[PDB]
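Asks: Once you've had a glance at the structure underneath, I'll fire off some questions.
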Ligand SMILES: [Cl-]
C-alpha cells in the first residue's frame, strides 16, 4: 500500500536574489507525522538532509538565501507507518551574487525577417559560464572561462514579444548566478 506523493513548493519563487527570503514547504497528507527534506548540489553526489531543527512541520523557511541553500530539493513524509516516495524535485537558484553583465544585439535588436541575430553577454570579470533566458523564463547556457559569451537567437516572430536577459555563473556553483542583465527586446519589422 502507498500514501500520496508529497508536493514541494517554493514561495515566492524558485529564483531568489541573494539575501532575500524564500519558504520551501513539503505538503504531506494532513496526518503527516514527520518530514525529511533533502538538497543535492549536483547529480550522483551527496544528498544532504536539511537539519531537522531548520524545518518546522515540513516548512523550511529561509530568511536570507545564501550560496549554501542553492540546489535541487526533494522531500518525503511519514504516515501510516511508512515513508512516502520523494516529491518531484525543486530547483532553488540564487541570483545577484555577482555584478550584472551587459546583453547587446549585433548589428541591432531589429532582426532580419526569417533570420537570426548575434547576442553578446559581456562581463568585466571572467565567468565559468553564461546563461541566456527568454521571458516561467526558459534558460540556456553557453561556455565563454572568459568575460563574454555569444548567443544566436532566431527566427523572431512579428507578433510576439521577444525579451531576454543573461547571467554569468561559475561551474562549481551552477545554481548561483549573477545579477541579471538589463532586458533586451528583439523584434522584426512589420
Ligand atoms: Cl541548510
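Asks: Does residue 92 satisfy the condition of being within 16 Å of the ligand (Cβ to nearest atom) and in a strand (DSSP E or B)?
Replies: Details: within 16 Å of the ligand (Cβ to nearest atom): yes; in a strand (DSSP E or B): yes.
For residue 92, the condition - within 16 Å of the ligand (Cβ to nearest atom) and in a strand (DSSP E or B) - is met.
Asks: Just checking, how many residues over the stretch 28-61 are surrounded by fewer than 18 Cβ atoms within 10 Å (Cβ to Cβ), touching a strand residue (DSSP E or B) at 6+ places or on another chain (Cβ under 9 Å) and assigned to a strand (DSSP E or B)?
Replies: Qualifying residue count for the region: 6.
When we count neighbours, we look across all protein chains shown, and the Cβ atoms used for this are built from the backbone with ideal geometry, even at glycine. Every number in this text was worked out from the coordinates using simple rules, so none of it is lab data.
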